[PDB]
Amino acid sequence: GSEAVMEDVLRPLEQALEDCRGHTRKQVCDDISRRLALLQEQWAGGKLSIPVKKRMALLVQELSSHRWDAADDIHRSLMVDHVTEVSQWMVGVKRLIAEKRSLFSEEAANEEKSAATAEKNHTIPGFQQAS
């Protein structure tokens, strides 16, 4: 629109970071949470320019889904128009995107498996009875 309000932007943002904060072994907490609080005060007291809040609000729309590749688009858009205005906190935002890629590789298919995810054979017979 013409202006997004901090509240509606912040709630999905925190929850998105908190999906990553599950693994705090990737630095993700201190980095992104720091920039999270920096973002909110730049929005309020920093009095960020209108187009920046607008385009970032679009991120919030895609942020509710696994549209990490789409979240990159607004970064490309901001970098050309208003790069220096957002050059501080955008590092953690783009970092969130990069780290979330690895979460797709985390399979939770270990719920009582008797034959792996899709059958499993053993070349080791235990004892050399018939070999």
Item to complete: Kindly indicate whether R25 is basic (K, R) and under 30 Å from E106 (Cα atoms).
Response: yes
Fill in: Selection count where residues are over 11 Å from the mean Cα position of the chain (by Cα), farther than 18 Å from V91 by Cα and outside any helix (DSSP H, G or I), scope the stretch 27-72
3
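In the stretch 36-83, how many residues are among the hydroxyl-bearing types (S, T, Y) and in contact with a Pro (Cβ under 7 Å, 6 or more places away or on another chain)?
1
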Worksheet item: Within the stretch 79-94, is there a residue that is part of a helix (DSSP H, G or I) and under 19 Å from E7 (Cβ atoms)?
Response: yes
Worksheet item: Taking the condition more than 15 Å from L13 (Cα to Cα), surrounded by 10 or more Cβ atoms within 10 Å (Cβ to Cβ) and within 23 Å of the chain's Cα centre (by Cα), does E85 pass?
Response: yes
Discussion item. Being without any contact (Cβ under 8 Å) to a residue 12 or more places away in the chain, among the polar types (S, T, N, Q) and part of a loop (DSSP other than H, G, I, E, B): is that true of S2 here?
Written reply: no
Practice prompt. Output yes when any residue across the stretch 97-118 is assigned to a loop (DSSP other than H, G, I, E, B), more than 25 Å from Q27 (Cα to Cα) and of a type in the set (K, R), and no when none is.
Written response: yes
Fill in: Within the stretch 13-26, tally of residues that are in a helix (DSSP H, G or I), under 11 Å from the mean Cα position of the chain (by Cα) and not small (G, A, S)
7
Practice prompt. Being touching a residue at least 24 places away in the same chain (Cβ under 8 Å) and under 24 Å from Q27 (Cα atoms) is the filter here, so list the residues in the stretch 78-94 that pass it.
Written response: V86, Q88, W89, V91, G92, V93
Worksheet item: From the list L63, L58, which one is over 17 Å from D19 (Cβ atoms) and surrounded by 15 or more Cβ atoms within 10 Å (Cβ to Cβ)?
Response: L58
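So that you can scan it fast, the table gives a plain yes or no per residue for (1) of a type outside the set (F, W, Y); (2) in contact with a strand residue (DSSP E or B) (Cβ under 8 Å, 6 or more places away or on another chain); (3) touching a residue at least 24 places away in the same chain (Cβ under 8 Å):
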{"position": "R34", "(1), (2), (3)": "yes, no, yes"}
{"position": "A44", "(1), (2), (3)": "yes, no, yes"}
{"position": "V52", "(1), (2), (3)": "yes, no, yes"}
{"position": "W68", "(1), (2), (3)": "no, no, yes"}
{"position": "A71", "(1), (2), (3)": "yes, no, yes"}
{"position": "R76", "(1), (2), (3)": "yes, no, no"}
{"position": "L96", "(1), (2), (3)": "yes, no, yes"}
{"position": "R101", "(1), (2), (3)": "yes, no, yes"}
{"position": "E106", "(1), (2), (3)": "yes, no, no"}
Worksheet item: What do you reckon, is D30 among the charged types (D, E, K, R) and touching a residue at least 12 places away in the same chain (Cβ under 8 Å)?
Response: no
Worksheet item: Only one of these conditions is not met by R101: (1) surrounded by 13 or more Cβ atoms within 10 Å (Cβ to Cβ); (2) touching a helix residue (DSSP H, G or I) at 6+ places or on another chain (Cβ under 8 Å). Which number is it?
Response: (1)
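Every number in this text was worked out from the coordinates using simple rules, so none of it is lab data. Cβ coordinates were reconstructed from backbone atoms using ideal geometry, including for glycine residues, and neighbour counts include every protein chain displayed.
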